Amino acid sequence: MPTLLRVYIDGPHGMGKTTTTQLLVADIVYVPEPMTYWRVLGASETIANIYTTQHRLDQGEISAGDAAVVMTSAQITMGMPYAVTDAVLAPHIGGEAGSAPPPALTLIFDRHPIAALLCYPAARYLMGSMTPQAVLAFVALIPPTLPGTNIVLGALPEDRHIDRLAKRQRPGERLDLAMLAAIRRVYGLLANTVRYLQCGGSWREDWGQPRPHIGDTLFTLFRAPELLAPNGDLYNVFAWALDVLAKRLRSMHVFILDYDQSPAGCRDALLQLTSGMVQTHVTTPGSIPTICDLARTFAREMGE
Amino acid sequence: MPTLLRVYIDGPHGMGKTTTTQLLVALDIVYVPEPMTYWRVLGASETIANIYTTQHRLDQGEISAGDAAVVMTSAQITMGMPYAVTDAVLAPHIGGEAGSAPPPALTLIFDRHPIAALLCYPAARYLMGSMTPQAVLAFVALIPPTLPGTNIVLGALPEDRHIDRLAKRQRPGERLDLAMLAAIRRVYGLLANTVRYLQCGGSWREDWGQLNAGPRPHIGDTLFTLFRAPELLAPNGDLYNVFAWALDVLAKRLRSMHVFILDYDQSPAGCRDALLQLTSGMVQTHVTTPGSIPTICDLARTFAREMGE
Ligand SMILES: O=c1[nH]c(=O)n([C@H]2C[C@H](O)[C@@H](CO)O2)cc1/C=C/Br
Ligand SMILES: O=c1[nH]c(=O)n([C@H]2C[C@H](O)[C@@H](CO)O2)cc1/C=C/Br
C-alpha cells in the first residue's frame, strides 16, 4: 500500500500559520480552515459570535453562564469540519510506514481536531467563558489518535506575535490580548503535556500537586473546583476524561515551527520538519485518490 | 479468553426502560444507570429541568429559535458526557466478537447508549425546532466508533399507553410535552429502520433522490430523511459535502450495531423476561486481557455509585 504523510499545522492564531503553509504548497494537498462553514454553512459569523460574546461578558453585559452556552455551542460549530474529516479519513489510514519512501500523498491540514475540541475550549475556560466540564466533554469526544498524526505547533515571541496578530484578524475578530495569552498558554501546556506523556508521566500519580512538572501540563487546568468532590477528590468521570486526554496526546507527533522569521523562512523550516514526521500506509489502492478528492472538495467547498 | 456481553437498552423516555434493566440485573451482571447526578449537579445544574424549560420558553415564545438552540446544544453536550467517557475507556478492553457461545464472564446492562445523547435526543430537538440540523450533524460526526458486540435494545409501546405512562410518573424538571414525546418516538423509529436499511445493503447516496427482520425499508423511513433540510442544501440542490460526509459516518456507525426490539406493553417482570429472552442470542466479545473483566466490572461499579440514582 502506498504511504501518506499527514501534517497538522496548529498553534495560536496570528502566528502566520495559514500564510506560510499555503506558501509551501499552493502529491501535496492543502486543507484550509473551514472559514465558509464558520461564516455561512454551519451557522453565521461564528467567529464574530465568539469574539462578541467574550466582549459582552468582559463588559459585564452577560453572565458567565450565558457566555458559556454560546461559547460551547460555537465551539461545536467550529470543529465540525474537523470531526467529519477525521472520521472519514480514519478507515483509509493504516500503520506507520517503515520510518519510508516519498509519500504518495502529503496532506497539509490547517489545524487538527484538538484545536476546537481541546485548545480553544481550554482557552475560553481560562477566559471565564466555558465550564471545565464542557471542556472535559470535548476531550471525551476526541477521536482516537490515528497513527502518523504529526502536529506542527508554532513558536513566536509574544510582542512579535501581537504585531503579527494585529493583521490575522479573521472576519469579526477582536484584538483580545488576554485570549492571546490564554491561547498561547494553552498551546504551551500542550507541547509540555505531550512530552510529559511521551517521557512516561502518569497524571494520576503526579496529581499530588527528565520531564515537565505536572504543574506545567494541561492536567493543571483541571484542578478546577467544579471538578472536585467536597473532599477535594477529582470525580471519577473527570478523572476518566483525563485518562482519555492522556492516551490521545501521547501518540501525537509534535514538531515546533519558529515563526519569528521570513515567509520563505517559516516555509523552508516547515519543509525541514518534514523529514522526521511519521508517515503511514493507506488501507486500500483507492485510498490516495479518495483522500486526495476529499481534501480537494473540503478546500473548494469550505476554504475562504 | 473471557467473553463479555454488552446490552444497551434505549428508546424514548417513559417506557419503563430502567425498571426492566434493574429487574434483569436482580436475577455475573452489572447495571450502568443513567448518570442522573452528573446531569443534576456534576456536569451542570438541573440539566433536564433546563431542557424542558428551554423548549417551553421556545414554545411559549419567550426565547427565540437560536437562543434555545444554543441552550439545547450545550445541554445535550452535558447529557452525553458520562456516556462518551465511559465508551472511550471501555474501547480498548473490547476484543473480537465471540457470539452467544457459552455464558459470558461479565454482562454489562447499560441504561441508554452514546447515540441517545449524540443523535436521538438531538435529532428530536431539531424536529422540535430547538436545535439546528447542522449541530445534530456536528454531534453525529463525533459519534464514537462502534465497538463489536454493540447490542442495542429499543422499546416499543403503543402511543397511548406511552402517553399515559408518561403522564403518571414525575421526572425532576421534566415537563409533559407530548410533542417531544412524538418527536422522540419517531426518531427512535427511524433509527430502528436505519440499521435494517443499512444492514439490507441500502446506500443513502444511491437513494437520496428517492426523498431479515423485515424487508429493506424506504430511505424516507430512515433517519437520513430528517436531513433534507434547506440549510444543508447547496444552490445546486444537493447537500453540501460537509453534511453528506456526516451522513456517511452515520451509516458507518449504525451498520455494525445489533438492534433488538422489546415490547414494553406488559408487566415489569414480563419485560424483564422478554429481554432476558432477546439477550440469549446476542453477540459477545472477548476482552483484551483476562484482567479487563475486573477493570470493566469496577468502571461500571464506580459509574453507578458516582452518577446513578
Ligand atoms: O476552535 C476554534 N475557535 C476559535 O475561537 N478559533 C478562532 C481563532 C481565530 O480568531 C479565528 C481563525 O482561527 O478563529 C479557531 C478555532 C479553530 C478550530 Br479548528
Ligand atoms: O439526551 C438526552 N436528553 C434528554 O432530553 N433526555 C431526557 C429524557 C428524560 O426526560 C430525562 C431522563 O432521561 O432526560 C435524555 C437524554 C439522555 C441521553 Br443518554
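Below, chains carry the letters A, B, ... as their sequence lines are ordered, and counting in each starts from 1. Hydrogens, waters and symmetry mates play no part in the numbers below; they use all other heavy atoms, side chains included. Each ligand, and each atom within it, is numbered from 1 in the order the structure gives.
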Engineer: Partners of B:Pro158 by side-chain contact (heavy atoms from CB on, under 4.5 Å), sequence neighbours excluded?
Structural biologist: B:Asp160, B:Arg161, B:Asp265
Engineer: List the protein residues in contact with ligand 2, where contact means a heavy-atom separation under 4.0 angstrom.
Structural biologist: B:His13, B:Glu34, B:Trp39, B:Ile48, B:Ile51, B:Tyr52, B:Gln76, B:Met79, B:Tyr83, B:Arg112, B:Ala116, B:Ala117, B:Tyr121, B:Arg171, B:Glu174
Engineer: Which pairs with one or both residues in residues 176-188 of chain B pass side-chain hydrogen bond (donor to acceptor under 3.5 Å, both in side chains), sequence neighbours excluded?
Structural biologist: B:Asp10-B:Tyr188, B:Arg112-B:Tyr188, B:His162-B:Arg185
Engineer: State which residues pass salt bridge (charged side-chain N to carboxylate O under 4.0 Å, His left out) with A:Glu158; sequence neighbours excluded, sorted by chain then number.
Structural biologist: none
Engineer: Using a distance-only test with no angle check, is there a side-chain donor-acceptor pair under 3.5 angstrom linking A:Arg56 and A:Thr53?
Structural biologist: yes
Engineer: With a 3.5 Å cut-off and no angle check, do the side chains of A:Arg174 and A:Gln54 form a donor-acceptor pair?
Structural biologist: no
Engineer: Between CZ of A:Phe255 and OH of A:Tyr8, what distance do you get to the nearest 0.5 Å?
Structural biologist: 12.5 Å
